[PDB]
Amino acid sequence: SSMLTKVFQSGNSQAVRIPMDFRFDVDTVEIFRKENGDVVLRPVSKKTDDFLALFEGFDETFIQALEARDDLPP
């Protein structure tokens, strides 16, 4: 027992509609691919979700500038 659901474009990316039968109660899931081409989604805990969300928002340019610590001795 399974359903069909739609792949669609959102922004510059791809996304899949989650029917309510399968709704997640977190905002972040782990995603991996099995040998057969199946993509598997496994939610994280709510606490891990809320903590790791704090580091969403920092792009590569920011990481570039931050990594450039140029932290010389006293």
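Residue numbers run from 1 along the displayed sequence.
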Tell me which of 63-71 and 1-9 has the higher mean C-alpha B-factor in the deposited entry. 63-71
Which third of the chain does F58 land in by C-alpha B-factor: lowest, middle or highest? highest
Chain-relative C-alpha B factor for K47 (record values, thirds): the highest
Ordered by C-alpha B-factor within the chain, which third holds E30? Give me lowest, middle or highest, please. lowest
